[PDB]
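Each chain gets a letter, A, B and so on, in the order the sequences are listed, and its residues count up from 1. Side-chain atoms are counted along with the backbone in the values below, which use heavy atoms only and exclude waters and symmetry mates.
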Amino acid sequence: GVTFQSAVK
Amino acid sequence: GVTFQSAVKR
Amino acid sequence: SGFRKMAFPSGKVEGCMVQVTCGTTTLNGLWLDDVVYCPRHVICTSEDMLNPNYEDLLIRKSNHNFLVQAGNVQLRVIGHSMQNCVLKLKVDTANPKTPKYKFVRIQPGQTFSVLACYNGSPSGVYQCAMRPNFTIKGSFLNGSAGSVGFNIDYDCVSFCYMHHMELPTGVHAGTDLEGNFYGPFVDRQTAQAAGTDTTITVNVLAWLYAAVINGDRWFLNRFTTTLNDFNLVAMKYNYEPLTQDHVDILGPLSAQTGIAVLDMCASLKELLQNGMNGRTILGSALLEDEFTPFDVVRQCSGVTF
Amino acid sequence: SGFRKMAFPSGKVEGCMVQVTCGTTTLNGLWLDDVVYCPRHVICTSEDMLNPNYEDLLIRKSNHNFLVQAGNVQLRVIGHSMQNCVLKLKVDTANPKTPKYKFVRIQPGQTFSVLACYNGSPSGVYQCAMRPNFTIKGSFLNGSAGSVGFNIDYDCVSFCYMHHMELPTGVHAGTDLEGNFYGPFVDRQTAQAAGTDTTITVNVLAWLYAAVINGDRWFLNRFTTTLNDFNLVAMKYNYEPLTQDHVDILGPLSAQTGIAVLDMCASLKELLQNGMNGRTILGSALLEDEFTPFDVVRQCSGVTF
């Protein structure tokens, strides 16, 4: 898909 | 052939 | 001898990477002088991403909402603003490791080194080209946003890319360091796709010259061509048109190897029409297009930084 | 997503690179704490290259015959010794930039990053593997000797290679950081030649697992194989034998993807039989063998697509 590649803290 | 890959000092 | 996909030494950039956390969202930032640059989507929840109003979301944030970590040191954020799709977090300490640098926007076909980072810590380095369709074929996982691309020249780091997002085919999109996207992409969770790509002709020619320098000559032939004849073949095979500027840029390599540019073009034309007939060039069975003419000179002449 | 030849960030090694000069001969050294490590052939002259006696060459040198330059600073040499084929120059300053480090001797098939250097300064970084014939396919010019290969798993630099020389086919030979050559090579310019090289089978299987993790299965088939029968076929293509140790090493990737190791071996058997029929795997038209199972787990997602 389209992914904004931050991460969960 | 086989070459050491030092260099001549500038 | 030998020819490798070679990145710039990354030490100057490693000293600039920090972790930026806003809420439960973490990614990387670039700490230069007293400003930390990062993707503005760090302020978004997943729900926000469907229809974000970034100015509105940012108004609700205070300076202490941005946790910025440089190694084991928390940086004190004393201001926050946005430029296009990047945030600029002003901090109370100038980075003492700031290298000589500039921000440069590159063009498709130009290459750069990526410093892939997670949690503010550099993890890997590799060489990328900006594709003609403005994506990059990176290698990135969750947490990599805010990783940067750069070139070096002598003393100066030229930052050209900051990573934001992955597209459905697994290729990547991002901005320059002024927050302007490369390619027709937006920082919103909505349907988006890479367009059809092409091959970077001038880079393939550069790599053929690298091959000749390394003793791979089987693809040379007696023929030459013209720009107009060659560009009809380029169109047929989804190669970028070759320009006069490209021929001029290859001039060093063409006078050096002993092989004129339009002579090398006749080799490339034959390879496109017939393939490689089971042979390889520089260890590849594909025509490589992520080396520029300058990349070849820098590697083959041992330029240092 | 994506999959790149990914090196380690080079900064921690950059900070250790110096220039070493003896007579009219120069190369790179590695400065860790108060010792500079460099190839001992810096003490040869153009008369000493076929049959140097290094004990005799060295006893003729004083400390001040070694000129060691760290950027704009001349380091003072206060002692010198030789350990196998490396010299160790004791200097009167510990390098303030020394990272956490160790020396490791690697086995064929292992990969590492190379920081190619000239005159003590970095030119670029790339990934390499130790070939089964104990050479590396580097990119090195005159003056690159003393460049090193390394990994940086877990914030400790493991130095595994220091560059000495180029063989007639253009591949490279060198030592571990205790000065013991990889393979049967010696630091003499007498005729030497790489043995027949083979493909690193366990790494090709690793990379096929990477392709599956990233989303592609087209090359799989419905068969399995015994380990015996696999090796009998693969050695007809100059592949290294796969051992039970290798099979064990692939266990984690097999578990993540749900493809038994001997079923991936069946796929590889068919790929060698068929070629890729115009397709590519992770961007390549050849089967790649310079990614190890550990490299694949380092780079790829823990969640297969």
- Task: Determine which residues belonging to residues 54-62 of chain D lie within contact range of chain B, meaning some heavy atom pair is under 4.5 Å apart, and list them by number or answer 'none'.
- Result: D:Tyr54
- Message: To check you understand the geometry: which heavy-atom pair defines the closest contact between B:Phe4 and D:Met49, and what is its length?
- Response: CD1-CE, 3.6 Å
- Residues D:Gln189, B:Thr3; criterion side chain to side chain contact (heavy atoms under 4.5 Å, CB included); working and verdict: CA-CA 6 Å; D:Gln189 289 197 154; B:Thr3 308; 4.2 Å; yes
- Message: Need one label for D:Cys38: side chain, backbone, both or neither, based on atoms under 4.5 Å from any heavy atom in chain B.
- Response: neither
- So ring-ring contact (aromatic ring centres under 6.0 Å, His included) across residues 10-29 of chain D, not counting sequence neighbours, yields none
- Query: Which members of residues 135-148 of chain D, sorted by number, sit under 4.5 angstrom from chain B on a heavy-atom basis?
  - Reply: D:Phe140, D:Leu141, D:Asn142, D:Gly143, D:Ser144, D:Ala145
- State the OG-CG distance between B:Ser6 and D:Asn28, to the nearest 0.5 angstrom. 10.5 Å
- Query: Mind checking which of residues 161-173 of chain D sit less than 4.5 Å from chain B, heavy atom to heavy atom?
  - Reply: D:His163, D:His164, D:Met165, D:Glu166, D:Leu167, D:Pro168, D:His172
- Just wondering, do B:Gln5 and D:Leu27 contact through their side chains at under 4.5 Å, heavy atoms? no
- Query: Does D:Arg76 CZ have over 12 foreign heavy atoms under 6.0 Å away?
  - Reply: no
